[PDB]
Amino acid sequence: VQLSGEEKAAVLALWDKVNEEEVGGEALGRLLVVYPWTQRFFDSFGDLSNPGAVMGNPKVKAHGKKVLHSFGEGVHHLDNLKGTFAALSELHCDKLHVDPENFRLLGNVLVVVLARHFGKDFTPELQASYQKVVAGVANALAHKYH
């Protein structure tokens, strides 16, 4: 996108303190918990029947890293959000058929996770920033849809 250049430094300096594996996993665990229709796309991970089963699940964690981890890149890459996801915007349209309103869904629960983990360091203003970022990404991920 753009943001701003204080907006930029504060985002990065946070990301710095972000544990991709804890945070990716919990981001995804809630996604499927809170919007259970998402579970269609991850039936392969076997048992998701209750919240404990879900959070525990190890593939779930894995895969939440992966995603947190791509998100990661977009944070580092804000000039070239489309260029980055194009092969995955590709992924996600053709093969998986996921509605984009989901990537946005996810973008928010991510944020709410980051919130839970950073407490009062997560500011209003700093939230905003990420809401953009996450937005930014959720978007790049619907462009090379066609």
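In case it trips you up, residue 1 is the first one in the sequence shown, and so on.
Between 77-85 and 116-124, it is 77-85 that carries the larger average Cα temperature factor according to the deposited entry. On average the C-alpha atoms of 44-52 have higher B-factors than those of the other stretch, with 44-52 and 29-37 being the two compared. Residue set 67, 93, 60, 111: peak C-alpha B-factor at 93 (per PDB entry).
For residue 133, the recorded CA temperature factor ranks within the lowest third of the chain's modelled residues.
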